[PDB]
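Hydrogens, waters and symmetry mates play no part in the numbers below; they use all other heavy atoms, side chains included. Proteins get letters first, then strands, A, B, ... in listed order; numbering begins at 1 in each.
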Amino acid sequence: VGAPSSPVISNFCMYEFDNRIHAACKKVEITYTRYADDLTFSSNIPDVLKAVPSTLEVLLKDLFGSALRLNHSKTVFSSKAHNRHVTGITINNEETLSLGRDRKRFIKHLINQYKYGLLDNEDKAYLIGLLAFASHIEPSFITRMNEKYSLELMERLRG
DNA sequence: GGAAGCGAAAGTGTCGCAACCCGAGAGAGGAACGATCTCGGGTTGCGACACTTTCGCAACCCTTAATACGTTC
């Protein structure tokens with residue numbers, strides 16, 4: 001994982017895998033993406049995702065034999081009844097990308113601390129970094145923070 | 001992958017007990033030996049458990065890394 005060439009080589013080695021599974025999923029109206037070793041499948045049709053794990057095992061055996069295997073402990077089904085996240089990003093029930101309630105509450109906590117000059121420099125730097133990420137995933141959250149905390153405070157923070 | 005120490009799992013050998021067999025011996029019945037019962041020593045089968053052997057957890061991070069803050073693998 002630590003080598004600069006490893007990302008490229010790993011993506012290449014998964015090329016044929018991705019081709020086959022993507023095509024197969026598209027026929028049954030399943031969305032498929034891969035982030036390195038993390039595979040994600042989603043659908044609006046009930047009772048279609050149950051077949052996917054078996055399909056995966058067969059394909060892996062076909063392409064790689066016993067070299068690459070599913071982590072069966074890490075196979076998880078979810079729905080709008082439950083928490084859904086993809087690579088650290090929460091998908092809320094309004095179908096919008098979110099940081100999640102707990103992370104948002106934590107950020108608000110840090111901003112409140114800053115407002116009263118209680119954040120140390122390390123925490124301040126941390127807060128600034130996290131807000132940049134928040135701006136990328138959920139820009140509306142930043143707008144809300146501006147409304148809640150004065151634009152002036154927030155600008156002062158981000159300056 | 002697998003140090004060093006440790007113990008799980010599983011197979012093998014030991015060993016002490018119980019049940020049995022055998023001959024020896026004192027001497028009931030009544031008056032001639034020797035009935036019945038117990039001593040002492042040996043054998044054999046059984047099974048609980050001690051002993052033996054193998055496996056596998058995961059220290060270390062190899063000379064060889066970078067340093068603005070966050071996120072993901």
Side-chain angles (χ1 to χ4, degrees), chain A residues 1-22 25 30-43 49 52-53 55-57 59-60 63-79 82-159:
Chain A
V1 72
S5 55
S6 291
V8 174
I9 302 310
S10 60
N11 276 344
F12 166 65
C13 289
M14 288 301 291
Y15 177 86
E16 186 56 39
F17 176 91
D18 291 333
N19 226 290
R20 294 251 259 279
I21 202 74
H22 183 80
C25 283
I30 295 169
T31 302
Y32 162 79
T33 59
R34 180 174 63 78
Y35 198 95
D37 55 316
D38 162 297
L39 308 167
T40 310
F41 306 84
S42 66
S43 183
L49 294 177
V52 170
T55 303
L56 291 174
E57 284 180 54
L59 186 58
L60 285 167
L63 292 171
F64 307 110
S66 61
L68 278 155
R69 304 187 76 100
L70 276 181
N71 204 135
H72 289 113
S73 91
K74 301 287 261 188
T75 299
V76 177
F77 289 81
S78 190
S79 75
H82 316 282
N83 172 265
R84 298 172 296 155
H85 61 276
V86 177
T87 49
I89 299 172
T90 300
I91 304 168
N92 68 11
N93 292 340
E94 295 185 299
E95 310 184 4
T96 305
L97 304 180
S98 164
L99 298 159
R101 193 189 233 245
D102 290 329
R103 209 206 288 274
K104 287 185 268 208
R105 283 176 73 89
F106 180 47
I107 293 167
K108 286 190 295 177
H109 168 78
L110 291 176
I111 297 167
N112 186 267
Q113 290 291 99
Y114 173 73
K115 181 175 173 272
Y116 300 118
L118 297 171
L119 275 194
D120 67 21
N121 294 317
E122 195 184 357
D123 288 339
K124 187 178 180 171
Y126 173 72
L127 173 56
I128 291 167
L130 199 55
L131 285 170
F133 176 72
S135 82
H136 187 53
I137 304 304
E138 194 180 2
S140 61
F141 174 74
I142 303 296
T143 303
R144 287 194 297 261
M145 292 305 93
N146 288 336
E147 202 304 307
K148 185 176 159 89
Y149 288 105
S150 123
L151 187 74
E152 301 85 74
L153 180 73
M154 289 294 284
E155 284 177 315
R156 193 159 68 69
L157 177 60
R158 281 139 82 67

Mind checking whether [X] and [Y] have side chains closer than 4.5 Å, heavy atoms only?
X: A/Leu153; Y: A/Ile111; result: yes
X: A/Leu97; Y: A/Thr90; result: no
X: A/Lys104; Y: A/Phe106; result: no

**OP:** Could you verify whether a donor N or O on one side chain and an acceptor N or O on the other, from A/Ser150 and A/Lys115, lie under 3.5 Å apart?
**Re:** no
Original post:
Any side-chain donor paired with an acceptor under 3.5 Å for A/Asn112 and A/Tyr149?
Top reply: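 The answer is no; no qualifying pair exists.
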Separation between the [atom1] atoms of [N] and [M], rounded to whole Å:
N: B/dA65; M: B/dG56; atom1: P; value: 37 Å
N: B/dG7; M: B/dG2; atom1: P; value: 24 Å
N: B/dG30; M: B/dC22; atom1: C1'; value: 30 Å
N: B/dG29; M: B/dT38; atom1: P; value: 15 Å
N: B/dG27; M: B/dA35; atom1: P; value: 15 Å
N: B/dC61; M: B/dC6; atom1: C1'; value: 24 Å
N: B/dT12; M: B/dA3; atom1: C1'; value: 31 Å
N: B/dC49; M: B/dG1; atom1: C1'; value: 38 Å

Would you check if [M] and [N] are a Watson-Crick or G-U wobble pair, both distances kept under 3.5 Å?
N: B/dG7; M: B/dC55; answer: yes
N: B/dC37; M: B/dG25; answer: yes
N: B/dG41; M: B/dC61; answer: no
N: B/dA24; M: B/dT38; answer: yes
N: B/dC33; M: B/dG29; answer: yes

Should [N] form a Watson-Crick or G-U wobble pair with both distances under 3.5 Å, which nucleotide is its partner?
N: B/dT44; answer: B/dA18
N: B/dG70; answer: none
N: B/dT12; answer: B/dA50
N: B/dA3; answer: none

Original post:
Out of curiosity, A/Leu127 CG to A/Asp120 CG, how far, rounded to the nearest 0.5 Å?
Top reply: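 These two atoms lie 11.0 Å from each other.
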Original post:
Atom OH in A/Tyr114, atom CG in A/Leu118: separation rounded to 0.5 Å?
Top reply: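 Atom-to-atom, A/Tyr114:OH and A/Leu118:CG are 12.0 Å apart.
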Hey, can you check [N] for me, is the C1'-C2'-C3'-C4' torsion putting it north or south?
N: B/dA35; result: south
N: B/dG70; result: north
N: B/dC62; result: south
N: B/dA65; result: north
N: B/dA32; result: south

**OP:** Going by the side-chain contact (heavy atoms from CB on, under 4.5 Å) test, name the single residue among A/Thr31, A/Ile21, A/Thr33 that passes it with A/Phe41.
**Re:**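 It is A/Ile21; the other options fail the test.
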**OP:** Kindly check if B/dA28 and B/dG27, neighbours in the strand, have base rings whose centres sit closer than 5.5 angstrom and whose planes are less than 30 degrees apart?
**Re:** no
**OP:** Inspect the six-membered rings of B/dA18 and B/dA19 and say whether their centres lie under 5.5 Å apart and their planes under 30° apart.
**Re:**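 Result for this step: stacked.
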Original post:
Taking syn as any angle within 90 degrees of 0 and anti as the rest, which one fits B/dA31?
Top reply: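 You should classify B/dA31 as syn.
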Original post:
Are A/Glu57 and A/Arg69 within salt-bridge range, i.e. N to O under 4.0 Å?
Top reply: no
Pairs: protein N or O with nucleotides 68-73 of chain B N or O, under 3.5 Å:
| from | atom 1 | to | atom 2 | distance (Å) |
| --- | --- | --- | --- | --- |
| B/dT72 | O2 | A/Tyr35 | OH | 2.9 |
| B/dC73 | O3' | A/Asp37 | OD1 | 2.2 |
| B/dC73 | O3' | A/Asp37 | OD2 | 3.2 |

